[PDB]
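Listed below, chain by chain, are the residues.
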Amino acid sequence: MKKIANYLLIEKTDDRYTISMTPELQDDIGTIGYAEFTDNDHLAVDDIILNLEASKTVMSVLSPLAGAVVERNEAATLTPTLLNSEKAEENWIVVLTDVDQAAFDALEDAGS
């Protein structure tokens, strides 16, 4: 199941929630040239996940969900090109567990 929040894609697969870039966010910030993750494994809503420098702005990716970080796309720090891609294996940011079902359900559906 796919949701959108904070211009991020959130996909539920079993107990794991993958948070990725969207084309809308890419278009709004421009080309990413730098990407640095925070080291907090227990996120609250609005906690910083990832700091970006891009051609139109710098910004922070803020978590739309409380949860526990199980995977970060640390490849993007070496190769920020990945986060400008359309490919799901390249443009993901983090995977969370220990997410509240109702809080995910309350997000807007991806597409509309």
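Deposited coordinates in this entry are attributed by the record to X-ray crystallography, at a stated resolution of 1.50 Å.

Asker: Teacher, can you tell me more about the overall build of the protein chain here?
Answerer: On a plain count of helices and strands, the protein chain comes out with 4 helices and 10 strands. In the protein chain, the succession of α and β elements from N to C terminus is β-β-β-α-β-β-β-β-β-α-α-β-α-β. Relative to the globule expectation of 13 Å for 112 residues, the C-alpha radius of gyration of the protein chain, 13 Å, shows essentially globular dimensions. Taken over the C-alpha atoms alone, the protein chain extends approximately 35 × 30 × 25 Å along its principal axes. The burial tally for the protein chain puts 39% of its 112 residues in the buried class. For the protein chain, the proportion of contacts with a sequence separation of at least 24, taken over those separated by at least 6, is 58%. Put simply, the protein chain shows about 6200 Å² of open surface, and 49% of that area lies on carbon and sulfur atoms. Across the protein chain, 7 positive and 22 negative side-chain charges occur, with their mean positions spaced 5 Å apart.

Asker: What should I look at first to understand the sheet that holds strand β3 (residues 16–21) in this one?
Answerer: Adjacent strands of a sheet form backbone hydrogen bonds with each other and so pair up, either parallel or antiparallel. Spatially, 7 strands are ordered β5-β8-β9-β3-β2-β1-β10 in an open sheet, and the strand pairing comes out antiparallel. Each end of this open sheet is capped by a strand with a single partner; those strands are β5 (42–43) and β10 (108–109). Examined bridge by bridge, strand β1 (residues 2–5) and strand β2 (residues 8–13) share 4 bridges and lie antiparallel to one another. Bridged to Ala5 within β2 is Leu8.

Asker: Would you mind showing me how to read the nonpolar core here?
Answerer: The nonpolar side chains of a soluble globular protein tend to be buried with one another. Residues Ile10, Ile49, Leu50, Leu52, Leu83, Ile93 and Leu96 are the most contacted members of the largest nonpolar core, which totals 27 residues. At the level of secondary structure, the elements contributing two or more residues to this core comprise β2, β3, α1 (23–29), β4 (32–37), β6 (48–54) and β9 (92–97). Tallying contributions element by element places β6 first for this core, with 4 residues. With residues near it in sequence (within four places) discarded, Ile93 still touches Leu8, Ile19, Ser20, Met21, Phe37, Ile49, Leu50, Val61, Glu71, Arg72 and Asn73.

Asker: Whenever I open this one, the pattern of salt bridges confuses me. Can you help?
Answerer: Scanning the model with the defined rule gives 3 salt bridges in all. Put simply, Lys3 and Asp109 hold a salt bridge, and the shortest N to O gap is 2.8 Å. Taken together, the residues span a long stretch of sequence, with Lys3 in strand β1 and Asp109 in strand β10 at a distance of 106 residues. Owing to a relative accessible area of 5%, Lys3 belongs among the buried residues under this scheme. The shortest N-O distance in the salt bridge between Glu71 and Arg16 comes to 3.2 Å. Pair noted here: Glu71 is in strand β8 (residues 67–72) and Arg16 is in strand β3, with a separation of 55 residues, a long-range link. Residue classification places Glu71 among the partly exposed positions, given a relative accessible area of 35%.

Scoring rules and cut-offs
- Residues numbered from 1 in each chain as written, not as in the entry; some residues may be left out.
- Heavy atoms only, no water.
- Helix = DSSP H or I, 4+ residues; strand = E, 2+ residues; numbered from the N terminus.
- Rg over C-alpha atoms; globule rule 2.2 N^0.38 Å.
- Buried < 20%, exposed > 50% of the residue type's maximum accessible area, 1.4 Å probe, protein only.
- Contact = heavy atoms within 4.5 Å.
- Areas by Shrake-Rupley, 256 points an atom, 1.4 Å probe, with all protein chains shown as cover.
- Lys, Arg positive; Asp, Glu negative; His and termini not counted.
- Charge placed at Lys NZ, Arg CZ, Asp CG, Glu CD.
- Pairing = 2+ DSSP bridges.
- Core = buried A, V, L, I, M, F, W, Y, C linked by side-chain atoms within 4.5 Å.
- Salt bridge = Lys/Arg side-chain N within 4 Å of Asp/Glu carboxyl O.

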